[PDB]
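Shown below, as structure tokens, is a lone chain in the form solved without the partner chain; questions about how it binds or moves come after it.
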């Protein structure tokens, strides 16, 4: 009972079994899991274990329309909850997220913006918010970036993409563009500089949300209501 036990520890939705189960058997995965559990014995690891795989709960692989890649979770208590960039409902949006929400409103002036930074609505809509590193030590950015999450997540993404042609990938920044390299003839690959205001080009000028919806329409795929 490997999948059964793994799924129970992380409360993973069963719909993701075909994409994740094959990764469990890889010997490299065992090293990853043991290291993650070792870190939890020696430090404050975020987000909480029950939230690490929260991204599997909002939508099934077949509902995925857009994939947005991130680096690692927010590292202060209360911010991260398993979705890249999203913060729980009453936490003020951090700098990069603030720029993302700005670009959405610039693209869709009619979008019903709530003012919060919780992206669960997007997730249920098939917008997969995926960090390549799923955990972080409290207060230390990129601290868990070399423990092996990237190859596991990388394996799930390859499987998903091969399962469903015509996905839209939004790759913002140097890390995202080097981590994930989907076939641009089979999928819509959109690249931009990082959303942080420290980037040389203001992220508020990014048109990705509009361009993604035009691509979906050409494939007869229902476009996304980016209001959040």
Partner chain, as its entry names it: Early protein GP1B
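Numbering follows the first chain given and starts at 1.
Keep in mind that the form deposited with the partner chain bound is missing from the display, and what follows is about it.
| Among 124, 158, 88, 76, which has any heavy atom within 4.5 Å of the partner chain in the entry with it bound? | It is 76 that has a heavy atom within 4.5 Å of the partner.
| query | Does residue 197 reach the partner chain in the entry with it bound, with heavy atoms at most 4.5 Å apart? | reply | Yes, residue 197 sits close enough to the partner chain in the entry with it bound that at least one of its heavy atoms falls within 4.5 Å.
| request: Please run the contact check for residue 139 against the partner chain in the entry with it bound: heavy atoms, 4.5 angstroms, yes or no? | output: Residue 139: contacts the partner chain in the entry with it bound.
| request: May I ask you to check whether residue 106 falls inside a 4.5 Å heavy atom distance of the partner chain in the entry with it bound? | output: Answer no; every heavy atom of residue 106 is more than 4.5 Å from the partner chain in the entry with it bound.
| Does at least one non-hydrogen atom of residue 174 fall within 4.5 angstroms of the partner chain in the entry with it bound? | Residue-level check for residue 174: yes, a contact with the partner chain.
| query | Pick from 45 to 53, 29 to 37, 174 to 182, 58 to 66: which stretch has a heavy atom within 4.5 Å of the partner chain in the entry with it bound? | reply | Heavy-atom contact with the partner occurs in 174 to 182.
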